[PDB]
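To start, the structure itself, in structure tokens.
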Ligand SMILES: NC(=O)Nc1ccc(C(=O)N[C@@H]2c3cccc(O)c3C[C@@H]2C(=O)O)cc1
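Numbering (the deposited numbering), first residue to last: 3 to 169.
Here it is, written out as structure tokens:
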């Protein structure tokens with residue numbers, strides 16, 4: 003039994019809710035919140051900008067030190083950093099950005115990172131300003147992630163489209 007409330011169950015392990023992932027992180031304080039990161043961990047906009055702003059820029063400060071030590075992530079890769087005031091940990095996951103021409107097949111590799119964590123609060127990878135089709139992202143998520151994932155979809159209209167079109 004966990005504390006996520008008001009989710010619709012899609013499969014054995016994937017749940018979805020029309021919610022602001024920032025507000026959901028602040029209320030649940032999950033072990034893991036997933037960030038929709040880029041390889042430089044520059045949290046300027048979209049989910050990443052919203053999460054970083056909610057940490058008063060502490061996420062960005064920590065991220066800049068991480069990059070200075072380790073260099074950029076790979077598209078499809080991830081790193082675990084602090085969750086600050088939002089979660090125990092933040093899993094920064096880099097989905098391909100279609101608006102940069104990155105290979106959409108890397109989306110499955112990106113979701114595989116979720117399997118290293120028993121339970122996660124997460125957005126749909128490569129959705130929003132990353133330019134992929136959220137319905138495709140949801141399909142890859144369900145077909146790749148085996149651990150328990152609570153997806154927060156900010157847009158109500160998209161949310162109902164995702165629910166109404168789900169197989
Ligand atoms: N307090 C805050 O600013 N919160 C906050 C700000 C921005 C985002 C975001 O960019 N969402 C994205 C989006 C939008 C419209 C269609 C989408 O397919 C997506 C994917 C993303 C998602 O819904 O996961 C999420 C939360």
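Beta carbons are placed, not taken as given, at the ideal position from N, Cα and C, and that holds for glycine.
In or out: residue i buried (at least 16 other Cβ within 10 Å) or exposed?
{"i": "residue 104", "result": "buried"}
{"i": "residue 8", "result": "exposed"}
{"i": "residue 50", "result": "buried"}
Please report the straight-line C-alpha distance between residue i and residue j, rounded to a whole angstrom.
{"i": "residue 53", "j": "residue 169", "result": "30 Å"}
{"i": "residue 67", "j": "residue 77", "result": "19 Å"}
{"i": "residue 157", "j": "residue 141", "result": "18 Å"}
{"i": "residue 136", "j": "residue 99", "result": "12 Å"}
{"i": "residue 5", "j": "residue 82", "result": "22 Å"}
{"i": "residue 92", "j": "residue 13", "result": "24 Å"}
{"i": "residue 40", "j": "residue 3", "result": "33 Å"}
Tell me whether residue i sits in a helix, a strand or coil according to DSSP, three-state version.
{"i": "residue 134", "result": "coil"}
{"i": "residue 88", "result": "coil"}
{"i": "residue 20", "result": "strand"}
{"i": "residue 151", "result": "strand"}
{"i": "residue 126", "result": "coil"}
{"i": "residue 142", "result": "helix"}
If you check the beta carbons only, do residue i and residue j fall under 8 Å apart?
{"i": "residue 38", "j": "residue 132", "result": "yes"}
{"i": "residue 127", "j": "residue 112", "result": "yes"}
{"i": "residue 101", "j": "residue 121", "result": "no"}
{"i": "residue 18", "j": "residue 164", "result": "yes"}
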